[PDB]
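Taking it in order: structure first as structure tokens, then the write-up.
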Amino acid sequence: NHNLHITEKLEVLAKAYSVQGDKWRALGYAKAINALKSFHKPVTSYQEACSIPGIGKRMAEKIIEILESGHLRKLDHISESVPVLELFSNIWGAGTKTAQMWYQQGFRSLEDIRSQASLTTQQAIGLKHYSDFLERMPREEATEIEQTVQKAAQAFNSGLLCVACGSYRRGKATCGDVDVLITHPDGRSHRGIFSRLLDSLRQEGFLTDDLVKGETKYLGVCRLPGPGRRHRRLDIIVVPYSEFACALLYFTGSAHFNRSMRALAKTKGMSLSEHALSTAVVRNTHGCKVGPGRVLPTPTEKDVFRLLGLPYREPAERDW
DNA sequence: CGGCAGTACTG
DNA sequence: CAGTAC
DNA sequence: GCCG
Ligand SMILES: Cc1cn([C@H]2C[C@H](O)[C@@H](COP(=O)(O)OP(=O)(O)OP(=O)(O)O)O2)c(=O)[nH]c1=O
Ligand SMILES: [Ca+2]
Ligand code: NA
Ligand code: NA
Ligand code: NA
Ligand code: NA
Ligand code: NA
């Protein structure tokens, strides 16, 4: 990217808006930052600024102020609460509303939180792993965590397929957590083995805490055995085989890629989720689904793209 | 003006 | 439900 | 914040 001196300043404002709960404004900044991250050359004109998709007059004004001043004045009037709100919302299970409430209650540090705040069960796990959950692991370690889950699941049924998704499948060198998708061509055997799997991984000491436990979705905390190991976030989802392609696509991301793809499906009277790509979806004037539509067969990720009129993108090309 | 992805846990 | 999360 |  040849616009670092601009995007670096925009990232600051976008994070401020995010921690402060202004999610749609933050969203607009994010997209503009990506667009600026993509454009081939340094932006030099307000007209060249408005020329990019995701950059309006408001954002070009800011970009222009940067090129002529080397500075964005609004960065000087970011509230003093923002660093504290960021600190608090980096606790897993605390978001903007909880951080803002803690702030209004007078809390300013994690010592304040530890000693005086009311914490949910999730937020107490998040706090005790605060530093660890802010770390990314090398992908080599994501592979060891995936193999640990896979070998535990395959002990129950050899026919279980286990695939690490998210940034791991997109080829990144580091991973924020591990996303393991499980299915079975059986169409049936995926049922039941999920709860038994978690008990097996608990019994050996691999799983150290549970955050979310659904019937096909688990979010938790694991740590490989031996010295020099940190606690790592682990997500596991178990899906029927008929949903594998859409679950793989969802679980692989990126998040912004999924949202773009789902928005595109909406323009075409379709709807894409981790369960299925559906056609003939009826919506009202507020974009809210009013009728379900029909599931389209998607045996492979390529079918989803094809049915959406798009060229296939391999995982590494799905960061946005 | 008004949507901005679609879904799933928690309590 | 609101909040938080993937 | 942007865009239809
Ligand atoms: C956070 C998030 C994730 N997802 C999907 C796509 C993500 O790849 C997948 C796993 O969630 P993450 O683990 O948060 O995604 P990631 O692995 O891509 O993160 P990073 O690039 O920083 O390493 O869940 C959504 O569809 N929407 C979201 O808001
Ligand atoms: Ca991940
Ligand atoms: Na534009
Ligand atoms: Na958080
Ligand atoms: Na006090
Ligand atoms: Na994850
Ligand atoms: Na809750």
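Every chain is numbered from 1 and lettered A, B, ... according to where its sequence line falls, protein lines coming before strand lines. Below, all heavy atoms of this structure are taken into account, side chains as well, without hydrogens, waters or symmetry copies.
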When A:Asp179, A:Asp177, A:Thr143 are each screened for side-chain hydrogen bond (donor to acceptor under 3.5 Å, both in side chains) with A:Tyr168, the one that passes is A:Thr143
| Parallel under 30°, tilted from 30 to 60°, perpendicular over 60°: which one fits the rings of A:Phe88 and A:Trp102? | perpendicular
query = Does OP1 or OP2 of B:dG3 have a side-chain N or O of A:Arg259 closer than 4.0 Å?
reply = no
note: A:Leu277, atom CG; B:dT7, atom P; distance rounded to Å ~ 12 Å
* When all nucleic acid strands are considered with a 4.0 Å heavy-atom cut-off, which category describes A:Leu181: base, sugar-phosphate, or nothing? -> nothing
Whole-Å distance, A:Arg262 CZ to B:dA5 P, equals 10 Å
Against the side chain of A:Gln122, the closest entry in B:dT10, B:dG6, B:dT7 is B:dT10
### Message
Main chain of A:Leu308, side chain of A:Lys268: is a donor-acceptor contact present, judged purely on distance under 3.5 Å?
### Response
yes
Per the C1'-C2'-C3'-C4' dihedral, where positive means north and negative south, the sugar of B:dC1 is south
Practice problem: Classify the ring geometry between A:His231 and A:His129 as parallel (under 30°), tilted (30 to 60°) or perpendicular (over 60°). | Solution: tilted
Encoded 5' to 3' (Watson-Crick or G-U under 3.5 Å; [ ] crossing; | other strand), DNA chain B becomes ||||.||||||
From CZ of A:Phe257 across to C1' of B:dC4 the rounded distance in Å is 18 Å
To the nearest angstrom, the CD1-P distance between A:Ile125 and B:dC9 comes to 17 Å
Answer yes or no: is there a donor N or O on one side and an acceptor on the other, between the side chain of A:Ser273 and the main chain of A:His275, under 3.5 Å?
-> yes
What is the nucleic acid contact for A:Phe251, judged by heavy atoms within less than 4.0 Å: base, sugar-phosphate only, or nothing? sugar-phosphate
Whole-Å distance, A:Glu243 CD to B:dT7 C1', equals 12 Å
A:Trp24 has its side chain closest, among B:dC4, B:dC9, B:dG11, to B:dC4
**Report entry** Parallel, tilted or perpendicular, as decided by the 30° and 60° cut-offs, for the rings of A:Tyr241 and A:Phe244
**Finding:** parallel
Exercise. Using the six-membered ring of A:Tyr103, assess whether NZ or CZ of A:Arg108 lies under 6.0 Å from its centre and within 45 degrees of the ring axis.
Key: yes
Atom CG of A:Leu264 and atom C1' of B:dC4 are separated, to the nearest Å, by 15 Å
Hey, does the side chain of A:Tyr17 come within less than 4.0 Å of D:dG1's phosphate (OP1/OP2), counting only N and O?
yes
So the contacted stretch of DNA chain C, first to last nucleotide with an atom under 4.0 Å from a non-hydrogen atom of chain A, runs from C:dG3 to C:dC6
TODO: Determine the Euclidean distance between corresponding P atoms of D:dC3 and B:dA5; express it in Å to zero decimal places.
DONE: 15 Å
- Short side-chain to backbone donor-acceptor contact, A:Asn157 and A:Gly159, under 3.5 Å: yes
From CZ of A:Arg233 across to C1' of B:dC9 the rounded distance in Å is 12 Å
Do A:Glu48 side-chain atoms and A:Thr44 backbone N/O form a donor-acceptor pair below 3.5 Å?
yes
Exercise. Using a heavy-atom cut-off of under 4.0 Å over every strand shown, decide if A:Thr120 touches base, sugar-phosphate, or nothing.
Key: nothing
Looking only at side-chain N and O atoms, does A:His256 come under 4.0 Å of OP1 or OP2 in B:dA5?
no
Nearest heavy-atom contact between A:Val221 and A:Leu211 is CG2-CD1, 4.3 Å
When rounded to whole Å, the CD to P distance for the pair A:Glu274 and B:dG6 reads 12 Å
>> On the nucleotide D:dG1, are OP1 or OP2 found under 4.0 Å from the side-chain N or O atoms that A:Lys62 carries?
In response: yes
Testing B:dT10, B:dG6, B:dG11 for proximity to the side chain of A:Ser271, the answer is B:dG6
